[PDB]
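As structure tokens, the structure follows; a few thoughts come after it.
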Amino acid sequence: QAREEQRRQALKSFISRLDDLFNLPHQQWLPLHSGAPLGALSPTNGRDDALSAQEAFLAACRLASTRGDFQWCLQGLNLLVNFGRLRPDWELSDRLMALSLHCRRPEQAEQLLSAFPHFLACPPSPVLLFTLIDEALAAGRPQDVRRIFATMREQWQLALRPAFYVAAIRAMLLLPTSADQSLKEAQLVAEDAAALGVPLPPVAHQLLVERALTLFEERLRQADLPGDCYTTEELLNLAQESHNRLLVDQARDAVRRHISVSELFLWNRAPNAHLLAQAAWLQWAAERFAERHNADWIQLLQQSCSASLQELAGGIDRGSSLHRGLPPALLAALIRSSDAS
Amino acid sequence: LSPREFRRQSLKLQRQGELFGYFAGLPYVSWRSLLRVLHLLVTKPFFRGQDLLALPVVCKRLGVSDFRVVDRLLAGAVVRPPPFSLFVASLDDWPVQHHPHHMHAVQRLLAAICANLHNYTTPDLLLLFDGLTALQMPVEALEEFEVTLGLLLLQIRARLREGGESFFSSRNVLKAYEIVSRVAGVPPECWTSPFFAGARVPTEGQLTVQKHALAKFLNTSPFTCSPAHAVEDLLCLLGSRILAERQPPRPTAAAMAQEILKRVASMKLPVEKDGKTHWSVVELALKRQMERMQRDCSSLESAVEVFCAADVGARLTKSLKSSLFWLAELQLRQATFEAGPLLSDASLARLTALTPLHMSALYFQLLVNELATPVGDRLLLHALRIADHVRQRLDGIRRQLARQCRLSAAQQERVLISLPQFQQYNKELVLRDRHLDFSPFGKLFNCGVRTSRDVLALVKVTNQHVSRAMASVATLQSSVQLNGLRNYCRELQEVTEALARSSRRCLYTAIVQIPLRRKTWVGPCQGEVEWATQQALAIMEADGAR
RNA sequence: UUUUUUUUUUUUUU
RNA sequence: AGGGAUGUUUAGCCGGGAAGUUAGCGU
């Protein structure tokens with residue numbers, strides 16, 4: 001009964017008792033502030049010697065760890081507001097957000113983000129907002145992370161972050177929809193990340209999008225489907241476009257992160273070979289006809305044949321992307337073309 | 001040194017170049033003290049000693065935050081008759097208030113320089129240009145930064161071709177080249193924009209200042225730089241390699257950077273008022289045996305080079321003879337960070353790719369990523385490490401905090417009885433750091449913990465690692481679909497998901513069971529500084545006006 | 001002296 | 001390593017208003 005009796009009794013009394021206090025005149029109410037400053041016996045005396053209204057309410061909120069007590073805490077909050085004894089601050093917004101979470105009430109948490117700026121000064125902590133995104137993913141509901149992202153983005157108060165853009169992308173590709181439908185929605189968020197201040201996503205962003213891009217329809221259209229497309233132009237065009245976006249982004253990222261027959265691999269210093277994997281893809285054609293349609297990679301793939309890059313005797317990359325290759329795009333691709341041939 | 005005599009000789013201390021040294025000293029810094037310091041902070045902000053470097057840091061911790069005060073300080077160093085690299089790096093974590101345009105600290109330098117771009121000499125040009133070298137905001141306030149950087153080049157080009165005696169020396173050419181070279185290589189897209197293309201004699205509010213410079217430059221030149229202006233910059237340097245005093249200039253600089261509006265105070269804590277004053281195959285075995293000799297010697301920064309050198313030589317030698325005719329070192333990792341770590345930096349990254357509690361989390365994310373590309377790396381190290389981490393989490397800080405910071409039973413039956421008893425024993429309900437023993441926290445596989453802040457600090461580090469790892473596992477689950485795969489997915493999903501969600505829970509507890517408000521005895525406060533700030537400002541325009 | 005402010009002002013020492 | 005770090009209670013006089021109070025002869 002240590003977790004049931006001693007827990008409910010302590011919280012019930014604290015709020016009940018507090019209510020009665022307010023009934024007395026203002027002369028018997030708790031001070032707003034902790035204490036007087038130095039301006040108003042050693043300097044350590046005073047300052048922090050009295051219990052504030054705010055401090056008492058937040059102290060009793062540490063007892064909740066169930067859904068039943070979550071409602072109870074709200075009761076106390078209202079009292080302060082109605083009596084004009086609440087001072088919004090950074091701390092206030094932080095604990096409130098977290099209190100819902102600790103009570104196993106994710107539903108209520110989301111509501112806060114759309115109702116904080118109406119009655120509060122400071123926004124919640126960035127950490128908290130990010131953590132709630134993973135909550136939905138663990139339960140298996142990737143469709144509930146689209147509305148939360150938009151509200152944050154639209155809001156001006158909250159500072160824009162590059163990291164925040166990663167979560168969104170990752171969650172959309174896991175939706176339980178068709179291959180073409182899932183990718184189409186993901187591209188919309190990507191696009192949005194290039195207009196408003198031309199944000200630069202991390203280096204490990206373009207890789208993910210590109211992985212599935214040239215695998216879900218491109219690869220599929222030349223393996224079993226053309227047995228003896230409707231957006232073939234867009235798929236190919238977007239493939240290369242993605243790559244381009246990465247180049248521009250990565251170059252500008254290094255300047256602010258840490259204030260840094262024909263070939264061009266003779267006097268090019270020692271760059272990272274990790275990126276050459278995606279750029280080494282051979283362009284077959286726009287259409288099925290690979291011989292009569294299009295007339296415009298070995299030398300590119302000669303840098304790493306045995307799956308051994310110039311890592312041990314080359315340069316060092318900071319916060320690089322996945323080192324691994326394309327199992328579902330390289331291993332099963334070349335073999336088929338050869339073995340079957 | 002009591003505050004009484006500190007204010008008397010304040011003037012003299014400034015001259016000596018040692019002002020801030022005694023400020024971060026004895027207690028008792030009241031409004032009286034604060035005001036005095038602030039008085040001189042806006043009258044003649046000129047520093048020569050080490051105070052320049054230590055100015056930004058004091059301000060951060062002080063509380064002073066104004067668009068005017070901040071701006072005036074920076075402009076002092078801008079004007080010209082320790083390294084500069086250090087100063088600019090300090091311009092971080094310093095928000096600016098009372099400004100609807102520029103809110104950060106990095107936008108100050110981009111404005112001052114630009115404004116006075118027309119009052120510079122060639123020797124000093126290189127000085128400012130040296131900011132790209134290593135020893136800003138993540139994404140925001142970045143368009144302004146590169147736009148102003150290109151303006152420097154324009155001036156340089158124009159100024160250099162004026163017809164060289166100082167920078168044309170044998171040693172100056174090399175120095176200049178170092179900086180120039182860093183720019184060239186990846187021309188940002190921002191140069192190829194309509195803003196620079198406007199050579200023919202609504203704009204954003206952030207580029208208000210920048211736009212002004214262009215107009216002036218173009219008019220005094222008799223031109224634009226739309227494309228990646230190169231070659232010419234390098235060709236000129238190739239020929240030399242292949243073959244009242246300072247008082248007047250300040251106020252104009254602030255006036256140009258000044259916005260149309262007077263003061264846009266979006267947020268105001270104190271009450272609204274106004275203050276005033278009255279004054280052939282033999283070599284294969286010769287080098288392959290040198291791979292196990294370093295294991296005993298290395299059981300660090302120099303030892304890693306031995307393994308890399310031997311690994312590449314073992315593979316290359318056999319490669320030639322391959323197409324011509326026709327390791328369990330990870331076990332040692334369980335006794336360096338799982339049984340008491342000591343001085344383990346981020347270097348473990350390189351010692352994982354085939355070569356406190358936070359340290360174990362690092363390895364968890366790396367091992368799972370490599371395996372995503374059955375008994376020797378799943379049930380021996382991957383599953384064994386999770387058992388140790390979970391054991392130290394449920395009964396670690398989670399439970400500890402629930403026994404020390406939570407309300408005790410004593411208080412329940414002492415205070416929480418009747419209403420009248422609440423008005424006398426309310427003092428005992430308070431919780432402080434002093435009242436909390438940190439000893440239990442020091443045995444969590446480590447005194448390294450002094451304050452409450454340290455406890456919280458060691459929470460976000462571990463949750464970050466696991467949070468990232470969960471995404472990798474989820475991606476693989478939805479990728480392998482398009483019966484041996486069932487065993488590698490059913491067991492991996494149920495085990496990985498237990499640690500991702502459970503770890504997050506800890507954060508919630510750790511954030512709520514902490515002291516409320518409270519601060520270290522330093523000096524003034526944000527409330528006091530705000531009133532002082534305005535008084536310090538209005539005071540200046542009383543004395544000098546008569 | 002304590003809640004309320006669409007009736008105010010003041011704060012420096014060579 | 002940025003999912004970091006930093007931030008936390010400002011002081012006195014006078015005039016008017018509401019609730020409680022409505023005990024004082026010590027000047």
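So you can find residues: chains in the structure tokens are A, B, ... in the order shown, residues in each start at 1, and ligands are numbered from 1 in order.
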Backbone-only DSSP, helix (DSSP H, G or I) members of segment 132-329 of chain A, as a ChimeraX atom specification: /A:132-139,142-154,164-172,179-192,203-216,220-222,232-257,276-279,298-301,327-329
With C-alpha atoms retained, write the just-selected residues as an mmCIF file, in the first residue's frame.
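That gives us out-v6.cif:
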```cif
data_model
loop_
_atom_site.group_PDB
_atom_site.id
_atom_site.type_symbol
_atom_site.label_atom_id
_atom_site.label_comp_id
_atom_site.auth_asym_id
_atom_site.auth_seq_id
_atom_site.Cartn_x
_atom_site.Cartn_y
_atom_site.Cartn_z
ATOM 1 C CA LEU A 132 7.232 13.383 -28.244
ATOM 2 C CA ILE A 133 7.842 12.545 -31.914
ATOM 3 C CA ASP A 134 9.500 9.246 -30.963
ATOM 4 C CA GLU A 135 6.560 8.370 -28.708
ATOM 5 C CA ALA A 136 4.180 8.039 -31.621
ATOM 6 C CA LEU A 137 6.685 6.037 -33.680
ATOM 7 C CA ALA A 138 7.163 3.487 -30.890
ATOM 8 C CA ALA A 139 3.407 2.896 -30.591
ATOM 9 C CA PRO A 142 3.492 7.357 -38.134
ATOM 10 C CA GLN A 143 0.420 9.284 -39.351
ATOM 11 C CA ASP A 144 0.189 11.392 -36.168
ATOM 12 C CA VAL A 145 3.596 13.073 -36.650
ATOM 13 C CA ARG A 146 2.481 15.204 -39.623
ATOM 14 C CA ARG A 147 0.247 17.671 -37.764
ATOM 15 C CA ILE A 148 2.747 18.179 -34.932
ATOM 16 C CA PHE A 149 5.531 19.176 -37.335
ATOM 17 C CA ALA A 150 3.491 21.722 -39.248
ATOM 18 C CA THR A 151 2.460 23.661 -36.134
ATOM 19 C CA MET A 152 6.056 24.002 -34.950
ATOM 20 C CA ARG A 153 7.287 25.137 -38.327
ATOM 21 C CA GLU A 154 4.539 27.678 -38.828
ATOM 22 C CA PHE A 164 14.034 18.534 -36.715
ATOM 23 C CA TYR A 165 13.757 17.969 -40.445
ATOM 24 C CA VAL A 166 15.274 14.511 -40.205
ATOM 25 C CA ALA A 167 12.601 12.937 -38.054
ATOM 26 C CA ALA A 168 9.795 13.954 -40.362
ATOM 27 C CA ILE A 169 11.343 12.355 -43.410
ATOM 28 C CA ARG A 170 12.117 9.112 -41.644
ATOM 29 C CA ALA A 171 8.593 8.776 -40.286
ATOM 30 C CA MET A 172 6.841 9.298 -43.636
ATOM 31 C CA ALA A 179 5.301 2.508 -52.603
ATOM 32 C CA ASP A 180 4.383 5.452 -54.846
ATOM 33 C CA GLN A 181 2.070 7.078 -52.282
ATOM 34 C CA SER A 182 4.568 6.997 -49.402
ATOM 35 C CA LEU A 183 7.382 8.534 -51.456
ATOM 36 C CA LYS A 184 5.170 11.261 -52.941
ATOM 37 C CA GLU A 185 4.250 12.649 -49.515
ATOM 38 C CA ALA A 186 7.871 12.527 -48.333
ATOM 39 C CA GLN A 187 9.078 14.647 -51.262
ATOM 40 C CA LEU A 188 6.734 17.470 -50.231
ATOM 41 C CA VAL A 189 8.547 17.941 -46.913
ATOM 42 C CA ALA A 190 11.931 17.848 -48.651
ATOM 43 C CA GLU A 191 10.920 20.580 -51.034
ATOM 44 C CA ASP A 192 9.685 22.737 -48.198
ATOM 45 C CA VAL A 203 24.724 15.283 -44.877
ATOM 46 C CA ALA A 204 22.815 12.117 -43.903
ATOM 47 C CA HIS A 205 19.538 13.307 -45.447
ATOM 48 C CA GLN A 206 19.742 13.010 -49.201
ATOM 49 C CA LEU A 207 20.956 9.439 -48.932
ATOM 50 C CA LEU A 208 17.727 8.147 -47.475
ATOM 51 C CA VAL A 209 15.505 9.730 -50.073
ATOM 52 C CA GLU A 210 17.709 8.554 -52.901
ATOM 53 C CA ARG A 211 17.825 5.008 -51.611
ATOM 54 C CA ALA A 212 14.161 4.307 -52.151
ATOM 55 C CA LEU A 213 13.827 6.610 -55.129
ATOM 56 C CA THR A 214 15.731 4.482 -57.601
ATOM 57 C CA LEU A 215 14.599 1.214 -56.082
ATOM 58 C CA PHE A 216 10.841 1.372 -55.816
ATOM 59 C CA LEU A 220 11.156 -2.474 -60.644
ATOM 60 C CA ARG A 221 10.465 -1.309 -64.186
ATOM 61 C CA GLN A 222 13.352 -3.293 -65.709
ATOM 62 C CA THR A 232 9.633 7.884 -65.853
ATOM 63 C CA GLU A 233 10.769 11.418 -66.721
ATOM 64 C CA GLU A 234 10.215 12.664 -63.160
ATOM 65 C CA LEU A 235 11.966 9.745 -61.440
ATOM 66 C CA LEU A 236 15.204 10.120 -63.390
ATOM 67 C CA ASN A 237 15.113 13.890 -63.242
ATOM 68 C CA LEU A 238 14.586 13.905 -59.468
ATOM 69 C CA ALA A 239 17.379 11.368 -58.956
ATOM 70 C CA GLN A 240 20.053 13.712 -60.180
ATOM 71 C CA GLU A 241 18.366 16.713 -58.622
ATOM 72 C CA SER A 242 18.645 15.170 -55.161
ATOM 73 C CA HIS A 243 22.356 14.699 -55.582
ATOM 74 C CA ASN A 244 22.824 18.295 -56.605
ATOM 75 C CA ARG A 245 21.053 19.545 -53.526
ATOM 76 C CA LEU A 246 23.460 17.588 -51.382
ATOM 77 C CA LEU A 247 26.546 19.136 -52.901
ATOM 78 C CA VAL A 248 25.454 22.686 -52.293
ATOM 79 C CA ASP A 249 24.255 21.870 -48.810
ATOM 80 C CA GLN A 250 27.333 19.973 -47.709
ATOM 81 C CA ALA A 251 29.723 22.692 -48.909
ATOM 82 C CA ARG A 252 27.865 25.400 -46.950
ATOM 83 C CA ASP A 253 27.498 23.140 -43.886
ATOM 84 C CA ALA A 254 31.263 22.700 -43.359
ATOM 85 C CA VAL A 255 31.788 26.498 -43.291
ATOM 86 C CA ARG A 256 29.431 26.939 -40.290
ATOM 87 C CA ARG A 257 29.595 23.569 -38.473
ATOM 88 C CA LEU A 276 30.772 8.137 -55.243
ATOM 89 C CA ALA A 277 28.477 5.150 -54.641
ATOM 90 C CA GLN A 278 25.344 7.024 -55.642
ATOM 91 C CA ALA A 279 26.996 9.046 -58.443
ATOM 92 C CA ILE A 298 33.524 1.547 -64.759
ATOM 93 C CA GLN A 299 36.180 4.305 -64.407
ATOM 94 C CA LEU A 300 34.061 5.744 -61.565
ATOM 95 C CA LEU A 301 33.705 2.352 -59.797
ATOM 96 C CA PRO A 327 22.375 -4.186 -50.488
ATOM 97 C CA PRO A 328 18.941 -4.009 -52.069
ATOM 98 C CA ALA A 329 20.229 -2.078 -55.048
#
```
Pick out the residues sitting within 12 Å of residue 165 of chain B, and hand them over as an mmCIF file with C-alpha atoms, in the first residue's frame; count only C-alpha atoms (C1' of nucleotides), and ignore anything fewer than 5 positions along from it in its own chain.
```cif
data_model
loop_
_atom_site.group_PDB
_atom_site.id
_atom_site.type_symbol
_atom_site.label_atom_id
_atom_site.label_comp_id
_atom_site.auth_asym_id
_atom_site.auth_seq_id
_atom_site.Cartn_x
_atom_site.Cartn_y
_atom_site.Cartn_z
ATOM 1 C CA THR B 122 44.545 47.925 -47.633
ATOM 2 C CA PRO B 123 46.743 46.751 -44.712
ATOM 3 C CA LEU B 160 44.460 46.462 -54.626
ATOM 4 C CA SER B 170 57.967 38.558 -50.365
ATOM 5 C CA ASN B 172 52.865 39.167 -47.485
ATOM 6 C CA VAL B 173 52.002 37.364 -50.733
#
```
Straight-line distance linking atom CA of residue 131 of chain B with atom CA of residue 65 of chain B, stated in Å to one decimal: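 So the two atoms, atom CA of residue 131 of chain B and atom CA of residue 65 of chain B, lie 24.9 Å apart.
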I'd like the contact shell of segment 310-325 of chain B - 12 Å cut-off, only C-alpha atoms (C1' of nucleotides), skipping same-chain residues fewer than 5 positions apart - returned as a compact mmCIF listing (two decimals) with N, CA, C and O atoms, in the first residue's frame.
```txt
# COMPACT_ATOMS: atom_id res chain seq x y z
N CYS A 305 36.48 -1.43 -55.53
CA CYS A 305 36.08 -2.66 -56.12
C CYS A 305 35.73 -3.74 -55.14
O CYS A 305 34.69 -4.41 -55.24
N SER A 306 36.54 -3.98 -54.17
CA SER A 306 36.47 -4.93 -53.12
C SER A 306 35.78 -4.44 -51.87
O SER A 306 36.02 -4.98 -50.78
N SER A 308 36.35 -1.71 -50.16
CA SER A 308 37.43 -1.19 -49.41
C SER A 308 37.79 0.21 -49.84
O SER A 308 38.50 0.35 -50.84
N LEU A 309 37.36 1.24 -49.20
CA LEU A 309 37.60 2.60 -49.44
C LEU A 309 38.94 3.04 -48.91
O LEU A 309 39.58 2.31 -48.15
N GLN A 310 39.41 4.20 -49.22
CA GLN A 310 40.59 4.85 -48.78
C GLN A 310 40.41 5.51 -47.43
O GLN A 310 40.62 6.71 -47.28
N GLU A 311 39.99 4.80 -46.44
CA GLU A 311 39.73 5.18 -45.11
C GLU A 311 40.92 5.09 -44.19
O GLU A 311 41.23 6.01 -43.42
N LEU A 312 41.62 3.96 -44.26
CA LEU A 312 42.77 3.73 -43.40
C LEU A 312 43.98 4.57 -43.81
O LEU A 312 44.83 4.86 -42.97
N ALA A 313 44.07 4.97 -45.08
CA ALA A 313 45.19 5.75 -45.59
C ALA A 313 44.66 6.92 -46.42
O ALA A 313 45.12 7.21 -47.52
N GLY A 314 43.67 7.61 -45.88
CA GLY A 314 43.07 8.75 -46.56
C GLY A 314 42.59 9.78 -45.57
O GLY A 314 43.11 9.89 -44.45
N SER B 280 58.59 -14.67 -54.70
CA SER B 280 57.42 -14.04 -55.29
C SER B 280 56.32 -13.86 -54.25
O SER B 280 55.58 -12.87 -54.28
N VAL B 281 56.21 -14.82 -53.33
CA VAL B 281 55.21 -14.78 -52.28
C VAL B 281 55.90 -14.80 -50.92
O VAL B 281 55.35 -15.29 -49.93
N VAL B 282 57.12 -14.27 -50.87
CA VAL B 282 57.87 -14.23 -49.62
C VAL B 282 57.52 -13.01 -48.78
O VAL B 282 57.50 -13.09 -47.55
N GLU B 283 57.25 -11.87 -49.42
CA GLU B 283 56.92 -10.65 -48.69
C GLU B 283 55.57 -10.72 -48.01
O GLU B 283 55.31 -9.91 -47.11
N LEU B 284 54.70 -11.65 -48.40
CA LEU B 284 53.38 -11.75 -47.78
C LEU B 284 53.50 -12.09 -46.30
O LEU B 284 52.80 -11.50 -45.47
N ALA B 285 54.37 -13.03 -45.95
CA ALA B 285 54.54 -13.45 -44.56
C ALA B 285 55.46 -12.54 -43.76
O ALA B 285 55.48 -12.63 -42.53
N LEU B 286 56.23 -11.67 -44.42
CA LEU B 286 57.14 -10.79 -43.70
C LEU B 286 56.41 -9.65 -43.01
O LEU B 286 56.88 -9.17 -41.96
N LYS B 287 55.28 -9.21 -43.55
CA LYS B 287 54.52 -8.11 -42.97
C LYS B 287 53.21 -8.55 -42.33
O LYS B 287 52.64 -7.79 -41.55
N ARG B 288 52.72 -9.76 -42.64
CA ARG B 288 51.48 -10.23 -42.05
C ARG B 288 51.64 -10.59 -40.58
O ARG B 288 50.65 -10.56 -39.84
N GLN B 289 52.85 -10.92 -40.14
CA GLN B 289 53.09 -11.28 -38.75
C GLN B 289 53.17 -10.07 -37.82
O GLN B 289 53.16 -10.25 -36.60
N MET B 290 53.23 -8.86 -38.37
CA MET B 290 53.32 -7.64 -37.57
C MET B 290 51.95 -7.08 -37.20
O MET B 290 51.85 -5.89 -36.88
N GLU B 291 50.90 -7.90 -37.25
CA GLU B 291 49.55 -7.45 -36.93
C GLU B 291 49.15 -7.74 -35.49
O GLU B 291 48.34 -7.00 -34.93
N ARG B 292 49.70 -8.79 -34.88
CA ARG B 292 49.37 -9.16 -33.51
C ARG B 292 50.39 -8.66 -32.49
O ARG B 292 50.19 -8.85 -31.29
N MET B 293 51.48 -8.04 -32.94
CA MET B 293 52.50 -7.55 -32.03
C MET B 293 52.07 -6.30 -31.28
O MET B 293 52.56 -6.06 -30.16
N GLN B 294 51.19 -5.49 -31.86
CA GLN B 294 50.74 -4.26 -31.23
C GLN B 294 49.61 -4.47 -30.23
O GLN B 294 49.28 -3.54 -29.49
N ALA B 303 49.41 4.31 -31.36
CA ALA B 303 49.33 2.87 -31.60
C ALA B 303 48.36 2.54 -32.72
O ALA B 303 48.54 1.53 -33.42
N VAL B 304 47.33 3.36 -32.91
CA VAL B 304 46.34 3.09 -33.95
C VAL B 304 46.97 3.11 -35.34
O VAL B 304 46.50 2.40 -36.23
N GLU B 305 48.01 3.91 -35.55
CA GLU B 305 48.64 3.99 -36.86
C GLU B 305 49.32 2.68 -37.25
O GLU B 305 49.47 2.41 -38.45
N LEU B 354 36.13 -2.44 -37.58
CA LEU B 354 37.07 -3.46 -38.03
C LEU B 354 38.51 -3.03 -37.75
O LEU B 354 39.30 -2.86 -38.69
N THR B 355 38.85 -2.86 -36.48
CA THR B 355 40.20 -2.46 -36.09
C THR B 355 40.74 -3.36 -34.99
O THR B 355 41.92 -3.32 -34.67
```
Please report, as CSV, each residue of chain D lying at most 7 Å from chain B, together with the nearest pair of atoms and the separation in Å rounded to one decimal; use only C-alpha atoms (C1' of nucleotides), and order rows by chain and ascending residue number.
```
residue,atom,partner,partner_atom,distance
D:3,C1',B:464,CA,6.2
D:6,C1',B:93,CA,6.2
D:8,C1',B:517,CA,6.1
D:10,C1',B:528,CA,4.0
```
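Residue-level contact on chain B: within 9 Å of chain C, counting only C-alpha atoms (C1' of nucleotides), the set is residues 8, 32, 35 and 36 of chain B.
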Selection: 12 Å around segment 218-232 of chain B, only C-alpha atoms (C1' of nucleotides), excl. self and same-chain fewer than 5 positions, as a VMD selection string: chain B and resid 118 147 150 to 162 180 to 181 183 to 201 211 to 213 237 to 239
Check: which chain B residues lie within 7 Å of chain A using only C-alpha atoms, as a list in words: residues 30, 132, 133, 134, 136, 139, 186, 308, 373, 412, 416, 419, 426, 427, 430, 478, 508, 512, 513 and 516 of chain B
Near-residue 78 of chain B list (12 Å; only C-alpha atoms (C1' of nucleotides); drop same-chain fewer than 6 positions) as a PyMOL selection string: chain B and resi 45-47+71-72+84+87-88+108-117+119-120+124-125+127-128+246+249-250+253-254
Residues of chain A within 12 Å of chain C, counting only C-alpha atoms (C1' of nucleotides), as a PyMOL selection string: chain A and resi 22+24-33+39+83-85
Interface residues on chain D facing chain A, 12 Å, only C-alpha atoms (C1' of nucleotides), written as a PyMOL selection string: chain D and resi 1-4+7-12+18-21
